[PDB]
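Written out below as C-alpha cells is the structure these notes cover.
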There are 10 protein chains.
Amino acid sequence: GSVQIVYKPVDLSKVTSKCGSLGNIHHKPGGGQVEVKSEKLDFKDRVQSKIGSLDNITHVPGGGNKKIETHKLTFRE
Amino acid sequence: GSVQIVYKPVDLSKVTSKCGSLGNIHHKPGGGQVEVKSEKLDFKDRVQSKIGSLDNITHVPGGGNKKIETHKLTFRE
Amino acid sequence: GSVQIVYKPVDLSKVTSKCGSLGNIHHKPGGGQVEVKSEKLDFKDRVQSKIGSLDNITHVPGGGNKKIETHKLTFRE
Amino acid sequence: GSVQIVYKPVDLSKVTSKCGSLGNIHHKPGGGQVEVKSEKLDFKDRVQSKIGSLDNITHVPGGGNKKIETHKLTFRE
Amino acid sequence: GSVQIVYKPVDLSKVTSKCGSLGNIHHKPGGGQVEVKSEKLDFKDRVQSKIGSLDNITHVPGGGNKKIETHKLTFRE
Amino acid sequence: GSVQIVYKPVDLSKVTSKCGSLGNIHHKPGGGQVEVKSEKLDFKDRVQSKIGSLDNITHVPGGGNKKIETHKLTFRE
Amino acid sequence: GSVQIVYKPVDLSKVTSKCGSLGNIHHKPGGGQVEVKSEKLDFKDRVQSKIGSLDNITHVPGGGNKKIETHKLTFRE
Amino acid sequence: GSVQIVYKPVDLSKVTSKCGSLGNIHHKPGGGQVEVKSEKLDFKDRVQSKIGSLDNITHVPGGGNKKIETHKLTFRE
Amino acid sequence: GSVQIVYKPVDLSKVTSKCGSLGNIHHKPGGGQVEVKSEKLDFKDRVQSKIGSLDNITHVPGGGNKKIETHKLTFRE
Amino acid sequence: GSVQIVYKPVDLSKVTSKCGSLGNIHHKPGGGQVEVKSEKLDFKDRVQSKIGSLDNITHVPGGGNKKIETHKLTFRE
C-alpha cells in the first residue's frame, strides 16, 4: 500500500495596527516590601522560578502585534 | 510500499504597525525592599531561576511586532 | 520500499513597522534595597540563575521587530 | 529501499523598520543597595549565574530588528 | 539501498532599518552599593559567572540589526 | 496698703522607669504615595505647616520620661 | 504702699531611667513617592514649613528623659 | 513706695539614665522619590523652610537626656 | 521710691548618663531621587531654607546630654 | 528714687557622660540623585540656604554633651 501526504497550508494573514498618536504615559510606583524565607530549594527539570521580586515594567510598543504559527507533521510506521 | 511526503506551506503574512507619534512616557519607581533567606539551593537541569530582585524596565519599541513560526516534520520507520 | 521527502516551505513574511517620532522618555528609578542570604549553591546543568539584583533597563528601539523561525526535519530508520 | 530527502526552504522575509526621529531619552537611576551572603558555590555545567548586581542599561538602537532562523536535519539509520 | 540528501536552503532576507535622526540621549546613573560575601567558589565547566557588579552601559547603535542563522546536518549510519 | 507675695513651691517628684530588656523591634513600612496640589500659600504668623509627607519614625528610648513644669507669677498694679 | 515679692521654688525632681539591654532594632522602610505642586509661597513670620518630604528616623537613645522647666515673673506698675 | 523683688529658685534636678548595653540597630531605607514644583517663593521673616527632602537619620545617643530651663524676670514701671 | 532687684538662682542639676557598651549600628540607605522646580526665590530676613536634599546622618554620641539654660532680666523705667 | 539691681546666678551643673565602649558603627549610603531647577535667587538678609545637596554625616563623639547658657540684663530709663 502506498501512502501520499500533501501538506500545503496557505497563509495571507495581516496582523496590523494603526495609531495616530501614543503618548502621555506615567508609571509611578510607590515602593513596597517583599520578604521571603526558605531553607531547601531543589529545582531539577525545566524550571522557570522567580522568588523575592519587586519589578516595574513600562512596556509601550508602537505595535506589539504578535503572530505565533506552529506546524507539526508526525508520520509513524 | 512507497511513502511520499510533500510539505509545502506558503506564508505571506504581514505583521506590521504604524504610529504617528510615540512619546511622553514617564516611568518613576519609588524604591522598595526585598529580603530573601535560603540555605540550600540545588538546581540541576535547565533552570531559569531569579532570586532577590528589584528591577525596573522601560521598554518602548517603535515596533515590537513578533512572529514565531515553528516547523516540525518527524518521520519514523 | 522507497521513501521520498520533499520539504519546501516558502516564506514571504514582512514584519515591519513605521514610527513618525519616538521621543520624550524619562526613566527615573528611586533606588531600593535587596538583601539575600544563602549557604549552599549547587548549580550543575544549563542553569541561568540571577541572585541579588537591582537593575534598571531603558530599552528604546526604533524597530524591535523580531522573527524567530525554526525548521526541524527528523528522519529515523 | 532508496531514501531521498529534498530540503529546500525558500525565505524572502524582510524584518525592517523606519523611524523619523528617535530622541530625548533620559535614564536617571537613583542608586540602591544590594547585600548578598553565601558560603558554598558549586557551579559545574553550563552555568550563567549573576550574583550581587546593580546594573543600569540604556539601549537605544535605531533598528534593533532581530531574525533568528535555525535549520536542523537529522538523518538516522 | 542508496541514500541521497539534498540540502539547498535559499535565503534572501533583508534585516534593515532607517533612522532620520538618533540623538539627545542622557544616561545619568546615581551610584549605588554592592556588598558580596562568599567563602568557597568552585566553577568547573563552561561557567560565565559575574559577582559583585555595578555596571552602566549606554549602547546606541545606529543600526543594531542582528541575524543569527544556524545550519545543522547530522548523518548517522 | 502693703502687698506681700510668697511663692514657695516645693517639688520632690521622681518620674523614673526600669526595664530589664528592650529589644526585637522591627519597623518595616511598605512605601506609599502622596500627591498634593496647591496654588497659593500665605503663612504669616507662627505657622508649623507640613505638606506632602511620607515619614517613618522608629523611636525607641530606654527611658522617655518627660517632665514639663511651668511657673507663672503675674503681678499687676 | 510697699510691695514685697518672694519667689523661691525648690526643685529636687529626678527624671531617671534604667535599661538592662536595648537592642535588636530593625528599621526597614520600603521607599515611596511624594509629588507636590505649588505656584506662590509667601511665608512672612516665624514659619516652620516642610514641603515635599520623605524622611526616615531611627532614634534610639539609651536615655531620652526630658525636663522642661520654665519660670516667668512679670511685675507691672 | 518701695518695691522689693527676691528671685531665688533652687534646682537640684538629676536627669540621668543607665543602659547596660545599646546595640544591634539596623536602619535600612529603600529609596524613594520626591518631586516638588513651585514658581514664586518669598520668605521674609524667621523662616525655617525645608523643600524637596529625602533624609535618613540614625540617632543613637548613649544618653540623650535633655534639660531646658528658662528664667524670665520682667520689671516694668 | 526705691527699687531693689535680687536675682539669685542656684543650679546644681546633673544631666548625666551611663552606657556599658554602645555598638553594632548599621545605617544602610538605598538611594532615592529628588526633583525640585522653582523660578523665583526671594529670602530677605533670618531664613534657614533647605531645598533639594538627600541626606544621611548617623549620629552616635556616647553622651548626647543637652542643657539649655536661658536667663533674662528686663528692667524698664 | 534709687534703683538697685543685684544679678547673682550660681551654677554648679555637671553635664557628664560615661561610656565603657563605643564601636562597630557602619554608615553605608547607597547613592541617590538630586535635581534642582531655579531661575532667580535673591537672598538679602541673614540667610542660611542650602540647595541641591547629597550629604552623608557619621558623627560619633565619645561625649557630645552640650551646655548653652545665655544671660541677658536689659536696663532702660
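In the C-alpha cells, chains take the letters A, B, ... in the order shown, each chain's residues start at 1, and ligands count up from 1 in the order shown.
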Residues near residue 28 in chain E, cut-off 8 Å, only C-alpha atoms, skip fewer than 3 positions along chain, as an mmCIF file with C-alpha atoms, in the first residue's frame:
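Output below, filename part-v3.cif:
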```
data_model
loop_
_atom_site.group_PDB
_atom_site.id
_atom_site.type_symbol
_atom_site.label_atom_id
_atom_site.label_comp_id
_atom_site.auth_asym_id
_atom_site.auth_seq_id
_atom_site.Cartn_x
_atom_site.Cartn_y
_atom_site.Cartn_z
ATOM 1 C CA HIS D 26 16.643 60.345 29.967
ATOM 2 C CA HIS D 27 17.643 57.351 32.094
ATOM 3 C CA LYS D 28 18.306 58.628 35.628
ATOM 4 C CA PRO D 29 18.625 55.851 38.238
#
```
Mind the document's chain letters and residue numbers, and return as a ChimeraX atom specification the residues of range 14-74 of chain F that DSSP labels strand (DSSP E).
/F:25-27,33-37,40-43,51-53,56-59,66-74
Rounded to one decimal place, report the CA of residue 65 in chain E-CA of residue 48 in chain D distance in Å.
24.6 Å
Using only C-alpha atoms, which protein or nucleic acid residues come within 9 Å of range 43-46 of chain E? Drop anything in the same chain fewer than 3 positions from it, and give the result as a PyMOL selection string.
(chain D and resi 41-48) or (chain E and resi 49)
Given only C-alpha atoms, how would the per-residue table for chain C near chain A read, listing every residue at most 9 Å away with its closest atom pair and distance in Å to one decimal, sorted by chain and number, as CSV?
```
residue,atom,partner,partner_atom,distance
C:9,CA,A:8,CA,9.0
C:17,CA,A:63,CA,7.3
C:18,CA,A:62,CA,8.5
C:19,CA,A:62,CA,7.4
C:30,CA,A:31,CA,8.6
C:32,CA,A:31,CA,8.0
C:38,CA,A:39,CA,8.7
C:45,CA,A:44,CA,9.0
C:64,CA,A:61,CA,8.8
C:65,CA,A:64,CA,8.8
```
